[PDB]
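Each chain is listed here by its residues.
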Amino acid sequence: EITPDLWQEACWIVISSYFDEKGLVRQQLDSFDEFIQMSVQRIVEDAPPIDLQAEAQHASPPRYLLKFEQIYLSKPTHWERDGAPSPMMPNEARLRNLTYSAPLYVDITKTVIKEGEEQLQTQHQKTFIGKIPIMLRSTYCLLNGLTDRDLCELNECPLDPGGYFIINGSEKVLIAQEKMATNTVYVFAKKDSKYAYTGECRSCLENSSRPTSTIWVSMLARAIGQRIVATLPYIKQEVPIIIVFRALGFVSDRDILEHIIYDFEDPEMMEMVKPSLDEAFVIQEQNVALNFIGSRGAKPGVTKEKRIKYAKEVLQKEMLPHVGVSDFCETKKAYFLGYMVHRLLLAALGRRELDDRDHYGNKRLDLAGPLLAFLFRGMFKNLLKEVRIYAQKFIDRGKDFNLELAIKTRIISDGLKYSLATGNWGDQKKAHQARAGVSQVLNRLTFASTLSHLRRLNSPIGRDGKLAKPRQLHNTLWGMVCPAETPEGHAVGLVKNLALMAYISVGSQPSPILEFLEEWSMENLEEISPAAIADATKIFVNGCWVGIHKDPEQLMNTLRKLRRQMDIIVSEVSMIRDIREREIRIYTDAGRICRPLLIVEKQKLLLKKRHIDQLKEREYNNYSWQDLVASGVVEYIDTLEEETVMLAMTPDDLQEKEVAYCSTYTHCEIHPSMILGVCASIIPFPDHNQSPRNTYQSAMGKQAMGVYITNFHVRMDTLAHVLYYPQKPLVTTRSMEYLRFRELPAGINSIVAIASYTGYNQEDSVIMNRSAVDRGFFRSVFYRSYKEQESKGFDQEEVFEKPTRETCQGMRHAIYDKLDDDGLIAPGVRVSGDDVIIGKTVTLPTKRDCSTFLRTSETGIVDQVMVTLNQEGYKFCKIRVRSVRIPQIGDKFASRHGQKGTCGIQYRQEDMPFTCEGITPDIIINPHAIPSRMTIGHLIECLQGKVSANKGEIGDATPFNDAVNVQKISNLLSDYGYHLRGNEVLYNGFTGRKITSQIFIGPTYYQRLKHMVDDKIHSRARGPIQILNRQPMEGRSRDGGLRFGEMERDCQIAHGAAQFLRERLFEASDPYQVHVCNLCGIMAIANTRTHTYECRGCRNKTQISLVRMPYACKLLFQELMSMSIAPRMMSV
Amino acid sequence: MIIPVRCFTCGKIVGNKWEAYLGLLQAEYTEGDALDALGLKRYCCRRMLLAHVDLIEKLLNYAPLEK
Amino acid sequence: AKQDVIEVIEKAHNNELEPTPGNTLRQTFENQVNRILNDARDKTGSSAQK
Amino acid sequence: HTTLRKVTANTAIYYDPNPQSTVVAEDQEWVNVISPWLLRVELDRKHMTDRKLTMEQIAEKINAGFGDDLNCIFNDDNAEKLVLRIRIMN
Amino acid sequence: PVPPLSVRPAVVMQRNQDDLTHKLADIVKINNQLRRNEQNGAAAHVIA
Amino acid sequence: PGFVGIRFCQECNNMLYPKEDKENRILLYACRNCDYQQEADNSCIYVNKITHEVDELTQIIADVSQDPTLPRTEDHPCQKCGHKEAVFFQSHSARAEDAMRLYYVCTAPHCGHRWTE
Amino acid sequence: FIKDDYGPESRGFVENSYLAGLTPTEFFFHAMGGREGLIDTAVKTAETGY
């Protein structure tokens, strides 16, 4: 029955069911699975067969087809000519820096005819094309469906979400890439241009090789005035639309106007369409219009019948591919183009309004599936266009050819590996042209950071741009993109993560929807006349105008009825009825971002007590989220369908008899807290904070150190950070149990006292308890891993050994006794800066070492040393070094509310203030950090933490709970013997006098960030030098120097310290002396030991001047002289 | 990972209380009754067990490096 | 303040709202709404400090 | 700055064979009275009395801008309707 | 004028030549080829 | 005033263009493709409404009543059928000079009545 | 929100304080408002330094 006042548990139970049935990288997994299941098949099958002749004759030539289909894909395998091949464990790939890839196979049928009319076709099964990198936890990954015990047996983390590639033993994550939706008409109005309005519809076939062929239909911005032009792909100039229609095949004018204005009784449309009509009253038949288009083509034909064919080809294939490319699709293309013109006229008259570019209904997300499809298609075409070349090279002589040698298996696998390993998304030749940032290295510092990096979108618009409109949070981001979570750098709003229940559609064929549609009462375009098209409604399927229906109602209900039972229409498909404007659109393509919503009838939910009961007893009745969807209780609603629907925040508070607001709801939200992301779902009371605080906390949640993964000891990984004693927060949101934050937490529930104790926390800093740090408070250990491989020439063989002084020539003062005789350190040996770790020497044509030295000022201990063979069969070693990081002053600490700060001082327990009991705060922060930041959520967290630690319960900090507030928390606290507002009477730790003011104190969940001070502190005193210009090197690792930049130079000018400026830029960087002739200001030649100073070109040898110069200045002068410029510097 | 030996704030020994705390929770005892059955009167010591996540059990599921 | 905003909306809907000279109906409605909301916020703030 | 777009409501052109015929029923042209194709623009009282113009001023502006290539026939400032008719001389 | 080794340094076994050194090598290749063609062949077409 | 509407040649289905039969001094619409003539019945060629006083009720369509996202009030009944509930909304049109005015659409389908208050 | 809702709750006014918490609509509106300032902070530097 109806469920009253049990919502606070029913909604979270169904949310738990959703997060049990679907994981957190479900979009990644589904996209990659759909790719490797069907998109690779369609890409490999739709490629045309290649037929190839000889060089047109031999004396005074037959061909073959070579068509292939039916792709086969196998599980990952690993060994080559050394043993029988065995499956690749992903952990083995990580350790050995392999590429966790899977070989794909096809069977080819080459049918060849030569002479005598005898056809023989030979089929080659399981032909090898390459090895495709495969995503972890995918449907063909070796970890698919394995139980937690098996995953632990394989040294894999059961909590690892997967969704990433292992390539060269490095995790790669395909960041989702935004783009404008395809096959849809957008009417825009750019401000400063020759034309006022422009309507574009970038078009794509069902994943064809052709790119987005974008067509614009535009209207001029002011004789006659307001002509309509349509710039066309592969056409240099704009073409008036009526000429386009006449070229398409409509000789008359009434027929053309029947495709644009659907109701002839509207004269306002005619008054604006006739200025374009009277522009082209000189073309009356199809061929002259074809000639007109061909003259404007990029490749202008020399004769008339060549322009005719070129323009016919352009109209047949380039323009509007999604509406069809076949023998006769002229009527459908004309209908769609007339619809585009009608859409432009509606915006020109103001009957409708301009479409919004930031409306994420108009956006599509390119996940792993679509991205790998786009890149594999190009590489596959490149493979075919080299099989063809090999075939030509053998058939010109005509002896025979072998497809096994013809197939170059390197290209596909190497292209995939390069693209995913580097991020340059495209061919390697166009490294600068291809967009970068895709397939980033997975951030593996915290589990929340890993989840956030696996759920991340990207807007491929240029950064450092002054147009803030794309960066702004759009209204259509509700519940699909986290409003709080975004980087604070130059990528604000451009890089945005994914909401919790937000799911990205994976795509399916619209054909079943088409056969379902064509059988109720609708008519295809070819059947009807435009007489009855004005009163009825236009149906769009994936953006292509399929037909016309007289009754929009009871077909909308029918489509919703089928989608709610999953009869023919799958759940991801979205049906959208625009009502004031008669379009009714159906979308099935991939990349549509959507989230689940409840179904609401008259004023009641379809979710019932019976649903909640049979789903609460899950793991026995297996009534999962999929069964809940099949029950017709929830739907997946994308942004398009979210425009035409009416939601309610809470069924109890928004579906009741009262002063009526809507009384016509259609959907309800499961819980509003699901609009947050992953890093923002760990914020307690996030609605009690200023939003920039929440953004900063979402950014710093990726930097808080903790147990980032369970198998961190088998995981030989560089820059690994784990905390000794992580704790789940005393006060938590109900959304953490789905992020598994209470299983892999990053932080300790510290007792903070928000007070000004001594002044060492004044400017946003913090005091720590030295005794707590001694007891292990926020103590962590830093793992750094070092890799090395021996090899590279004919005789320069790399080898691991202990370099011996009399044998090897080049050696540091570092002691090499710590090495074992095989050239490595045994694990468990204390190490420090400038200590050899891997003794590697190269033969000198006696020997020279290439030993790896421990990074300066690390001073850790070797944890474990692994030796193995890379994919080239050479010895490969990785060494991991432990180094614990005791919290010292300057280490960056932060809370769950964007209140960051470095430790300012550490007092012992005696020096630290204390309550009536012996409770001394672990942390003291400045109260002057609250009032401007307005992190009232921090104060409420500090209060609820005390309440929870006294009650024995775990505090609940769900954002929009509305069942807990400050008054209730205070009343609960007052029962345990404390002041109701959390204040306590602390005593001064030094004098013992009780502090006149009462101190606000309580347990708060603080986090330790990776930004330690020992990893940032560095100095320099005449260290190493760069090679090109003799200035100090750059970087902390290279013992570099700080940059006395152009603004510091200006500041010194303003100080008027000219001697200090010269000291900084000349002696402290690169003092240098050069010899210049007094006659010509050109640099001369100086031989100091013989004191022979001659300037050739003058033959003086006598009057020569020495001038002191920065080396950068000398090298600038030399570059100018190389550019034939003659900077002459006379000292007179 | 593992329960700390001493409370960070107080310094009272908490390292021996984790197994007994789990045993008490393996009964009708709530957390609030188990904590003060173990003798944790201050919330500084109470949070040490109340908010502790015992990851050593998840760590032990992996086979060791040696035998 | 909410009742005043609602009645201003009513006056705008019944065409009972005269546009401010130098402004159109939309911007003068916006100005009235902003004035009411800002006055409400100022009064609540002053009550807070009191 | 004020263009004549600011003050007019709508503009229409007709084919009156005779200026005396007055295809549009306007006794002002009857009492006031060479090309058959004429021009007709309707102003509004609102902007007219907001900016304090006259049909005489508008007509003299037209006559100065375009010369005696056209004759403006304007209704007096007495009727509710604000009409001026435009011809083209030969 | 060809810039000296200081302007275009060459590192050892990453010897690796400079980006400008490669362009200078192309310059001298094409200059020598053009020279030898202009005395011996003098085709006046490939010279263009 | 009214609006002039384009009507097409019956021979080749093309746009007519205005012409003066100088002999009879009468307006004729002439197709420039073929020799067809026809006498015009409106005597008006071009009309342009600059003030653009538009009756939005014509562009409002009846099926807007079943929009779940539109507000609903029973205070203003329909005039023909006297139906109690009515759906109302603003212009929803660009270049609406100054219009917060509400346009109402009657539910109880097959009525489809539209008015303004 | 119902279509054409110019009320204070429907256009960004937050009648709740930081103590009573923000209703989810108000939370989203405040996040969107603070996003503008956060974007301005980053964008302004590349112009001011120049």
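Residues numbered from 1 in each chain as written, not as in the entry; some residues may be left out. Chains lettered and ligands numbered in written order. Part of a larger assembly, values for the part shown. Heavy atoms only, no water.

Its PDB header attributes the entry to cryo-EM and lists the resolution as 3.6 Å.

## A closer look at the overall build of chain E
Secondary structure summary: chain E contains one helix and zero strands in total. Seen through its principal axes, chain E has C-alpha atoms that stretch 40 × 20 × 15 Å. Counting across all 48 residues of chain E, residues that qualify as buried make up 15%. A total of about 4,000 Å² of accessible surface is found on chain E, and carbon and sulfur atoms cover 56% of it. (Helix = DSSP H or I, 4+ residues; strand = E, 2+ residues; numbered from the N terminus. Buried < 20%, exposed > 50% of the residue type's maximum accessible area, 1.4 Å probe, protein only. Areas by Shrake-Rupley, 256 points an atom, 1.4 Å probe, with all protein chains shown as cover.)

## Considerations on the sheet that holds strand β6 (residues 165–167) of chain A
Residues and elements named next belong to chain A. Spatial strand order, β6-β7-β15: three strands in an open sheet with antiparallel pairing. Strands with a single pairing partner mark the edges of an open sheet, and in this sheet they are β6 and β15 (440–441). With three bridges connecting them, β6 and strand β7 (residues 170–173) associate as antiparallel partners. Looking across to β7, one finds that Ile166 is bridged to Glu171. (Pairing = 2+ DSSP bridges.)

## Digging into the state of the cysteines
Counted according to the given criterion, the structure contains zero disulfides over all chains. We note that A:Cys1113 lacks a disulfide partner, and the nearest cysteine sulfur, in A:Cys1080, lies 17 Å from it. Unpaired in terms of disulfides, F:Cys34 finds its nearest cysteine sulfur in F:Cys9, a separation of 3.7 Å. (Disulfide = S-S within 2.5 Å.)

## Regarding the interface of chain A and chain G
In this complex, chain A contributes 42 residues to the contact, which on the side of chain G involves 26 residues. Carbon and sulfur atoms make up 71% of the area that chain A and chain G hide from each other, which totals about 2,800 Å². In terms of surface lost to chain G, no three residues of chain A exceed A:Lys466, A:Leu473 and A:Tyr661, which account for 21% of the buried area on that side. Counting the contacts that link chain A with chain G gives zero salt bridges. The tally of links between chain A and chain G comes to eight residue pairs in polar contact. Contributions of two or more residues to the side of chain A that touches chain G are made by α21 (691–700) and α25 (936–951) of chain A. (Contact = heavy atoms within 4.5 Å. Buried area = accessible area lost by both parts, 1.4 Å probe. Salt bridge = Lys/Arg side-chain N within 4 Å of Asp/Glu carboxyl O. Polar contact = N/O pair within 3.5 Å; in protein donor to acceptor, adjacent residues only side chain to side chain.)

## Overview of the interface of chain A and chain B
Listed per partner, the contact involves 46 residues of chain A and 30 residues of chain B. Interface area, chain A with chain B, both sides summed: about 3,000 Å², of which 63% is carbon and sulfur. Inspection of the region where chain A meets chain B yields one salt bridge. Between B:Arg47 and A:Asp922 there is a salt bridge, with the nearest N and O atoms lying 2.9 Å from each other. Counting across the chain A and chain B interface gives nine residue pairs in polar contact.

## Considering a positive patch on the surface
A cluster of basic residues, A:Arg210, A:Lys317, A:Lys381, A:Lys385 and A:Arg388, forms a positive patch on the protein surface. Mapped onto the secondary structure, A:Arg388 falls in helix α11 (residues 368–395). (Patch = residues over 30% accessible without salt bridge, like charges linked within 9 Å, V, L, I, M, F, W, Y side chains within 5 Å. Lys, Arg positive; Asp, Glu negative; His and termini not counted. Charge placed at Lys NZ, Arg CZ, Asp CG, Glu CD.)

## Topic: a nonpolar patch on the surface
Where nonpolar side chains cluster on the molecular surface, the patch consists of A:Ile1027, A:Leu1028 and E:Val11 and spans about 230 Å² of accessible area. Here E:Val11 lies in the segment before α1 (19–40).

## Quick look at unusual backbone geometry
Its identity is not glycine, yet A:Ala56 carries a phi of approximately 70°, on the positive side. Mapping A:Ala56 onto the fold places it in the loop between α2 (26–46) and β1 (67–73). Although it is not a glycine, E:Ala42 adopts a positive phi angle of roughly 55°.

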